[PDB]
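Given next are two forms of a protein chain, the same chain in both, each as C-alpha cells and marked structure 1 or structure 2.
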Structure 1
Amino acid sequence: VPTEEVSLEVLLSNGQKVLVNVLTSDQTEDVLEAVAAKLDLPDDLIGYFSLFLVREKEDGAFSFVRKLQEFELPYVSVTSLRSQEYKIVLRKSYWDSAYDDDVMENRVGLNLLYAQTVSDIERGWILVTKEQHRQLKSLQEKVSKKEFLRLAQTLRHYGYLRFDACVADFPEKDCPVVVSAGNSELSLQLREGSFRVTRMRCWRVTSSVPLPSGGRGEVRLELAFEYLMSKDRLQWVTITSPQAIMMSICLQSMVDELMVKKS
C-alpha cells in the first residue's frame, strides 16, 4: 500500500471511539502504540493489550474475527473488507487474571479493564443471573472501579471470550452450543462441557471450498481438537463455526501463556 497518513477509529470493548492518525503502511505494533499514546497508557503496559478485527452487530455487540498479528497493516486489514460493519478493537489480551494486578496499578490500565468488564457483563460474556446483574449495575454506582473489578474477577466466566452461537458434535452430532475460551479451557454450553487446553494433543482448522452465495462466497469452517477424554483415550471434538480461526487463535494464545508461565 502506498504510504499515506489516515485517520483510524479504534473502539474499546464497550464501543467508545479512539481516533488515531497513523500511516496506511503502519503495522499492528505501530497502531497499538499510537492508540496507547492517545489514551495515555504507559509503554510498559502495552503488551497487556492487543488489537482485534471484529464485526459489529446491529445491537452493537462484537463478533471477534481475529487478533491482528505483527505483520498485519490494521488500516488495510479493516479497509480491504469494504464494509462499515468491521471494526478494530482494543482489548486485554492475556488470560490469567493475576496479570490484572499489573494493569490495575495504572489509572488508565484500570479504566480499560473496568470498561471492558462492564461491557462483558452487559453482553453476557460474564455469566450472572437477572438478579445479580441488577445488583452489579447498582454496585457499579456505589463502589470504586477498583472495587468493582475485584468483585468482577470472581464472577463466572470473567476473562473469557465468547463466540457467536454455533454447533458442535459434543455431546451429540449437530448440537447447538455457545463456546467461550478462557482460564486455559474451552467451555461448551449446550448442560456444559469443559475442555482443558492441557488435555488437547492438537487442534485442526478446516474449511470447505468457497461456495456460491445462498456477492460473498460462503465457507463451512470447523475447529476440531483432539482431547484426552481419559487415560490412553483420545477423542476428536468438532465445532462448526464461522469463527473457527478465532477459536484456534485463542487456543494458541492460551497454550502460549501456559508455556511462558512454565518457563
Structure 2
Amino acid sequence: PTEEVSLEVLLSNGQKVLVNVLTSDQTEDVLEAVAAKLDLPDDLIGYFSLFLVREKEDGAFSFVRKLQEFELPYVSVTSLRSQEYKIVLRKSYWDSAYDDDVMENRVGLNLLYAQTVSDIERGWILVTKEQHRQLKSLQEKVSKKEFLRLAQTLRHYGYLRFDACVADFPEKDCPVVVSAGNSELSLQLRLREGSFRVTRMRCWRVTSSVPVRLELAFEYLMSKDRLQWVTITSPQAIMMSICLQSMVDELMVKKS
C-alpha cells in the first residue's frame, strides 16, 4: 500500500542521509530522492547505486547485493526482518577513468573521497609507509583532488573486497580473500595470489545447498583448450556474481 516513510541511506563514512519516500517507490526513485537530498547533479546519478549491506559488530560492511530496478528498497530491507541491514550509496562503475567525470562536481568528489578514505581505513587498499604518510597529510590538508589522484595509483584502488571465504582452487576448502576490480577476480590466499580475468570466464553460476551455503562457480579457461570449474563458497556469492556481470557490462559499453 502506498504510504510515506523516512529512509536511512548511509554514506561510506557512516554519515546518515535521511530521505522521504513512498513504500511503493522503486530503487531508482529512492536513489533520486537521496541524490536530491545531497544536492548531487542529475547527470551523476548513473555513476552511483544503492546497495544492501549487512553491518557487522565492528562497523564494517559486508556487501549483500546491488538493488535492482524493479525493487522496493523499503520492502527490500524491512522484509529481511533485521536491523543489521542497511542501504548504502556507493559509486557503481569500475574504470577509475570515470572518476574524472565525478570529480568535476563538488558533491560527487566528496562522495568519492569519503569512500576512498573508508576503503583505506578498512584495509581494502594496500599502501607503503611513505604513501601512508602523504595520504595522512592530504587528509589534514583536504586538497582531495590531489588525495584522489594519489589514491588512484594505490594497489586495488577501485576494487571490492569480500569477507574471507573458501574456494576449491588450488586445493579443496582453501581459505581465501576475494577482491573484484579492473576486470578480474583477485584471490589472496592469506601468501600466494591469483588473477582470474573476466574475459577468461566462459560463464558463472550461483548455487545454494539443500539436504545457508551459497556458492559462485565459474568455468575458467585455465590454459588453451582446458576449462576448469572454480568454486568459491561465500555468503556474498550473489554480490560477486553481480560484480562479474557489472564488469562485463562495463566492458561491453566500453567495447562498443
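Shifts are known only where both forms have a C-alpha. The first residue in the sequence of structure 1 is number 1, and each one after it adds one. Between two forms, the rigid core is the largest collection of C-alphas that superpose within 1.5 Å.
Core-fitted Cα difference of 2 Å or more between the two structures, single residue among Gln135, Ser93, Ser184, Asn106: Result of the superposition: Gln135 is the only one at 2 Å or more.
Cα displacement of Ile126 between the two structures, core-superposed (Å): A shift of 1.3 Å at the C-alpha.
Per-residue CA shift, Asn14 (Å; core superposed between the two structures): For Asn14, the alpha-carbon shift amounts to 2.0 Å.
Once the two forms are fitted on their core, CA shift of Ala168 between the two structures in Å: The alpha-carbon displacement, core-superposed, is 0.4 Å.
Once both forms are overlaid on the core, stretches between the two structures of 3 or more residues with C-alpha shifts of 2 Å or more: Once the cores are aligned, run 128-139 is the only one whose C-alphas move by at least 2 Å.
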